[PDB]
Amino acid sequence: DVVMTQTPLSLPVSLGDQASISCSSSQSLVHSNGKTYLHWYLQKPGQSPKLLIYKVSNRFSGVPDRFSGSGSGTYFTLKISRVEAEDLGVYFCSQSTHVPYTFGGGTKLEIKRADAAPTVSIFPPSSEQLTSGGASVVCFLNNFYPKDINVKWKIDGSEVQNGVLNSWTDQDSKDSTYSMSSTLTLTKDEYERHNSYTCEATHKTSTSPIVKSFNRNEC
């Protein structure tokens, strides 16, 4: 089918340095008419893929000279000359010389910025939710770096292991940082027969937990 192959699976890279994705094919990608039709695509997180280079080496419009494609016959490599924040994404290589048109695996370009530490914000359960039989303590650990962060909730001085529900962002385009929501959902009552709440993160920026904490006796 023209088994497409990209390497690396992931590419940790730093702002300003070179980056070089590589893609190789099972068949010769040069179609009889003489043209190698291997194309490279970028899918930023959440957006839809956009075209970067189209016949092997020629760039699509409005596409910085930092990007260049190159290669021959079964071997094509893509290069970013000085990586920038806006190049976060997965890069796809694909062939359209042979039907079925096949795509690569995708290489995940990861930016490798200097550290950052979280902006933890506790949120007590709103009054619309406490009306309806359940309450939820929400927490947002923001703009951090690097992504291994650890969150432990403690209700009134003790560790809670339940109905805990973490969501993690993708590295940020404009500033290369990760982020996280941690939601604890209680019943109304198990919210209410307790007075203290604590969201605590473990990291590298600080040896101590970045404890934020609040008390049910809100008024």
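From 1 onward, residues are counted along the sequence shown.
Looking at 91-99 and 74-82 together, the entry lists the larger mean B-factor for 74-82, computed on C-alpha atoms. Legend: mean Cα B-factor per stretch from the PDB entry, 12-20 versus 202-210; the higher mean is in 202-210. The PDB entry assigns the greatest CA B-factor among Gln161, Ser68, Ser167, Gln27 to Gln161. Highest CA B-factor among the listed residues (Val151, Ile53, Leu42, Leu184): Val151.
Among the modelled residues of its chain, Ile122 has a C-alpha B-factor that falls in the middle third, as given in the PDB entry. Per the deposited record, the Cα B-factor of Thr36 falls in the lowest third when ranked against the other modelled residues of its chain.
In the deposited entry, the Cα temperature factor of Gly157 sits in the top third of values across the chain's modelled residues.
In the deposited entry, the Cα temperature factor of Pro146 places it in the highest third of its chain's modelled residues. Residue-level temperature factors show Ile111 in the lowest third of its chain, judged at the C-alpha atom.
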